[PDB]
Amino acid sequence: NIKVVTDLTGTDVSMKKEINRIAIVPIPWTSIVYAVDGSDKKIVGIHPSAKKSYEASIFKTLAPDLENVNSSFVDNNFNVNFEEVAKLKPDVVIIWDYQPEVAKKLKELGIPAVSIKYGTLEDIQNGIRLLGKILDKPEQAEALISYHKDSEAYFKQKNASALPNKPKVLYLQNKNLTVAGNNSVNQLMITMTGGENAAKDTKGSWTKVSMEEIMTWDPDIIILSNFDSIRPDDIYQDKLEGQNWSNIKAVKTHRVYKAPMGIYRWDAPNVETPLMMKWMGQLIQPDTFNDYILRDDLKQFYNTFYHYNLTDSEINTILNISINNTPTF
């Protein structure tokens, strides 16, 4: 009746052999549990921000039943309501490595908890492997990990970061001049796909800068994040107070693009990150990344892992094809 799983902190956690009810504290991990199980059927608690994101994405179509899941058991500062979780009776709760006191209290309440980590693409893969053991879906978990590893190997072999004369790329978060800095995964993704980071010398993950700095950088390509409603026509038509984008190369050449969003936003590490890398590659170095069709790979991924066959309309929405005027996707 019992099994023991080792979590990402090296803690051995006892739980039922058959896990039927899972609660998830980390925001992106609701979509990741869904991906590993190929189903939302075992999910009984999610972060309220995970619910918010769910309502805004294709996730809502894939997993209509999550509409009625509990999202009250944890707040925005990741504080757990232990009374609520005890009522919910999950078989396991996914928590963060920095919450050992939560693990201990949950254990005292008879509720197993597994700790995961954040920051890297390896953390995603190790977390998936752990979920495979929890959910008894090791084949799907390893298929997802292999997919990520094969994608990583493909981009390492292409070695686009070694190319000369790379386009300068700015990852703009919002309407308030906040950009991806040199501690962000976004700058790593820009480098791996053969771009130069416009904000290379700006520290932090997301950092506010001046319009004057951006004018000086003069990026060739601008990617807009999904943290904010900002869209390309907001830049093209200078709708943003105190900002003049009109003389920037990316703006004059109409190379301002809204980042895609699948099951979760693609702006940080997630289960669909290899698809994001493929999108960026074809924007930044299309002559290098010319041996795949992103639309086909997206359809294949959704069919294989989610048993869902995307329509052309759904693909347009995910990849912002109309919004970005990128009809070749």
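So that there is no doubt, residue numbering starts at 1 and follows the sequence shown.
On average the C-alpha atoms of 183-191 have higher B-factors than those of the other stretch, with 143-151 and 183-191 being the two compared. As the entry records it, the average C-alpha temperature factor is higher for 279-287, out of 46-54 and 279-287. For the set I134, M211, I223, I116, the maximum C-alpha B-factor listed in the entry falls on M211. Take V74, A259, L170, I124 and read off each C-alpha B-factor from the entry; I124 has the highest. In this PDB entry, the Cα temperature factor of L66 sits in the middle third of its chain's modelled residues. Sort the chain's modelled residues by C-alpha temperature factor and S313 lands in the middle third, per the entry. Remark: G242 belongs to the highest third of its chain, ranked by C-alpha B-factor as recorded. Ranked by Cα temperature factor within the chain, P269 sits in the highest third according to the deposited record. Among all modelled residues in its chain, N325 ranks in the middle third by Cα B-factor.
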